[PDB]
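Undergrad:
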Amino acid sequence: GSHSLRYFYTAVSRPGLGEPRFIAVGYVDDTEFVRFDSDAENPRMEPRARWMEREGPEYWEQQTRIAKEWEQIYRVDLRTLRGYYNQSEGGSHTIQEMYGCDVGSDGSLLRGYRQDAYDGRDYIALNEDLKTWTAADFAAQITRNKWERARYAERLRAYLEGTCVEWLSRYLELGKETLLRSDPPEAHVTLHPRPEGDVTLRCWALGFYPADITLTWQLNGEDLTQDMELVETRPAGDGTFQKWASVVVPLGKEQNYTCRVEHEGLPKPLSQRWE
Amino acid sequence: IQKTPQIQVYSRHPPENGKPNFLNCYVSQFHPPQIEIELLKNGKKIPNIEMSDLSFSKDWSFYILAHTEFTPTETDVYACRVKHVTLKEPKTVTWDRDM
Amino acid sequence: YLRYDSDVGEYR
Numbered sequence: 001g002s003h004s005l006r007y008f009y010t011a012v013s014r015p016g017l018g019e020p021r022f023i024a025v026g027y028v029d030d031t032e033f034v035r036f037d038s039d040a041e042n043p044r045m046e047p048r049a050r051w052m053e054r055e056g057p058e059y060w061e062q063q064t065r066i067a068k069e070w071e072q073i074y075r076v077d078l079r080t081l082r083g084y085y086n087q088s089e090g091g092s093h094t095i096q097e098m099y100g101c102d103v104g105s106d107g108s109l110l111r112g113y114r115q116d117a118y119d120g121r122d123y124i125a126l127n128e129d130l131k132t133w134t135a136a137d138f139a140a141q142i143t144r145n146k147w148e149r150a151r152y153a154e155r156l157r158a159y160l161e162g163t164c165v166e167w168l169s170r171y172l173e174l175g176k177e178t179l180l181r182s183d184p185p186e187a188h189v190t191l192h193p194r195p196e197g198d199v200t201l202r203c204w205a206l207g208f209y210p211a212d213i214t215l216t217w218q219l220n221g222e223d224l225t226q227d228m229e230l231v232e233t234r235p236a237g238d239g240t241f242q243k244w245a246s247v248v249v250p251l252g253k254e255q256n257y258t259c260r261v262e263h264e265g266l267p268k269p270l271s272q273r274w275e
Numbered sequence: 001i002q003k004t005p006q007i008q009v010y011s012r013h014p015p016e017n018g019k020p021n022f023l024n025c026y027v028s029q030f031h032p033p034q035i036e037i038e039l040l041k042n043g044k045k046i047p048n049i050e051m052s053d054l055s056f057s058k059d060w061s062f063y064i065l066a067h068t069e070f071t072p073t074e075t076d077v078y079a080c081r082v083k084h085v086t087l088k089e090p091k092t093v094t095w096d097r098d099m
Numbered sequence: 001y002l003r004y005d006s007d008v009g010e011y012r
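Protein chains in written order, with the deposited numbering: chain A, 1 to 275; chain B, 1 to 99; chain C, 1 to 12.
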């Protein structure tokens, strides 16, 4: 059971309104704990988790410093890529980046990564070897060349193996009774008549963490998944997640069907039916 | 490249008329990230709604959660209203306790 | 902890 510390960067040139907006969010597993937004009254790194609110001015003053550093790097990079692709001056483009590390049960770095994208399409990416680069197009190749000469990949794997692993290791400590939890799904079934004369069975799953889950409607062991209706897992905005799936069923047959819930927090999978 | 925002409107806890809850509008799978989200109550825009931080997934698509408190009541109509470049007219999704 | 160095530039 591995854990992970990840960061997400975003820059958007906004002609018609103002200057480029920069947004930085940090995640430990499926829980954001930190935030920076350059559209704030006075942009600074802020906690988004109760277990981060005791770090002290030391940490936050330093994190803000780095966040502002990247806000400036990014609005400079925004202009640079426009020149690479030979695009118009007052355009609206996006640059986003994700870096971080997966650290597994023993303490070992499982995988380190750092990839970015220009306007929703891949740009340059650090390979898993933490030594080479993949360039999606010609412009990324330009950037790659400038980074291979500057030996920039070496500074990356330095971070991804040291600072990243260590601070993740202590972020886990600060929020151990919240990050190492495993709240199981609380499932139930609802019944909803259709105009067609049949009914809809909907199986909910509520208040579970982490987010990865599976719902499957059954008929005594047999599946009905490619005539079903799924819904992508959504945040309840409280630290847990929700999801449901539905099937159409002829009137009267309601109790004949069972929905199978699969999640980590459960000892063994659920099987909810209409009651 | 432009992706059209998927919208879900739902409550934090199972709705019971009269008892307080939390209204959520999960907007996801969209690009560019410039978006405008507003929750509605009987038509009127509800003041002071909280926004999560603009984040994204592996496929670089953005997602955002707008939310506020509400007490569901038999004759009240809550909705979510989203403006985005991929939408000529602002899409509105109405809350429904069956979903 | 956010990544930093930053004298290596890190400009694209």
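We treat Cβ as the ideally placed atom computed from N, Cα and C, and that holds for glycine.
If we count the other Cβ atoms within 10 Å of its Cβ and call it buried at 16 or more, is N24(B) buried or exposed?
TA: buried
Undergrad: Determine, using beta carbons only, whether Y26(B) comes closer than 8 Å to chain A.
TA: Using beta-carbon distances, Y26(B) counts as an interface residue toward chain A, with a partner under 8 Å.
Undergrad: Determine the contact status of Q272(A) and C164(A), defining contact as a CB-CB distance below 8 Å.
TA: Not a contact, by the Cβ cut-off of 8 Å.
Undergrad: Within the 8 Å Cβ cut-off, does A153(A) reach chain C?
TA: no
Undergrad: Flag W167(A) as yes if its beta-carbon sits less than 8 Å from any beta-carbon of chain C, otherwise no.
TA: yes
Undergrad: What does DSSP give as the partner residue(s) for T31(A) in the beta ladder?
TA: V28(A)
Undergrad: Taking all protein chains shown into account, do 16 or more other C-beta atoms lie within 10 angstroms of the C-beta of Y85(A), making it buried, or fewer, making it exposed?
TA: exposed
Undergrad: Can you name the residues of chain A whose CB is closer than 8 Å to the CB of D96(B)?
TA: Residues of chain A with a Cβ closer than 8 Å to the Cβ of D96(B) do not exist; the shortest Cβ-Cβ separation is about 10 Å.
Undergrad: Determine the contact status of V247(A) and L201(A), defining contact as a CB-CB distance below 8 Å.
TA: Taking 8 Å as the Cβ cut-off, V247(A) and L201(A) qualify as a contacting pair.
Undergrad: Thinking C-alpha only, which one of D37(A), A158(A), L17(A) and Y59(A) is nearest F8(A)?
TA: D37(A)
Undergrad: By how many angstroms is the C-alpha of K146(A) removed from the C-alpha of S52(B)?
TA: Distance from the CA atom of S52(B) to the CA atom of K146(A), rounded to whole angstroms, is 36 Å.
Undergrad: How would you call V12(A), buried or exposed, if buried means at least 16 neighbouring beta carbons within 10 angstroms?
TA: buried
Undergrad: How is the alpha helix (DSSP H) around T143(A) delimited, first residue to last?
TA: Per DSSP, the continuous alpha helix (DSSP H) segment holding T143(A) begins and ends at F138 to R149.
Undergrad: Pair every Cβ in the stretch 36-46 of chain B with every Cβ in the stretch 80-96 of chain B, then say whether three or more of these pairs are closer than 8 Å.
TA: yes
Undergrad: Do the stretch 164-177 of chain A and the stretch 255-275 of chain A make contact, defined as three or more Cβ pairs closer than 8 Å?
TA: Counting Cβ pairs under 8 Å, fewer than three are found: no touch.
Undergrad: List the DSSP bridge partners of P235(A).
TA: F241(A)
Undergrad: For a quick check, are the C-beta atoms of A205(A) and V261(A) less than 8 Å apart?
TA: For the pair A205(A) and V261(A), the CB atoms are nearer than the 8 Å cut-off.
Undergrad: Residues of chain A with CB closer than 7 Å to the CB of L54(B), please, in chain order.
TA: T10 and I23
Undergrad: Could you tell me which residues DSSP pairs with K19(B) in its beta bridges?
TA: DSSP lists no partner for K19(B).
Undergrad: With distances taken between CB atoms, is the gap from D29(A) to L160(A) smaller than 8 Å?
TA: no
Undergrad: Three or more C-beta pairs closer than 8 Å, one from the stretch 56-76 of chain B and one from the stretch 40-48 of chain A: is that the case here?
TA: The answer is no - the stretch 40-48 of chain A does not touch the stretch 56-76 of chain B, with fewer than three Cβ pairs under 8 Å.
Undergrad: Using a beta-carbon distance cut-off of less than 9 Å, what residues from the stretch 99-122 of chain A approach chain B?
TA: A117, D119, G120, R121 and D122
Undergrad: Is DSSP giving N256(A) helix, strand or coil here?
TA: Reduced to three states, the DSSP call for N256(A) is helix.
Undergrad: Determine the extent of the alpha helix (DSSP H) in which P57(A) is found, giving its start and end residues.
TA: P57 to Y84
Undergrad: For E275(A), does the three-state DSSP call read helix, strand or coil?
TA: Judged by DSSP in its simplified three-state form, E275(A) adopts coil rather than helix or strand.
Undergrad: Determine contact between the stretch 116-135 of chain A and the stretch 8-16 of chain B, defined as no fewer than three beta-carbon pairs at a distance below 8 Å.
TA: Contact fails: fewer than three Cβ-Cβ distances are below 8 Å.
Undergrad: Around the Cβ of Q72(A), are there at least 16 other Cβ atoms within 10 angstroms (buried) or fewer (exposed)?
TA: By the Cβ neighbour-count rule, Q72(A) is exposed, with fewer than 16 other Cβ atoms within 10 Å of its own.
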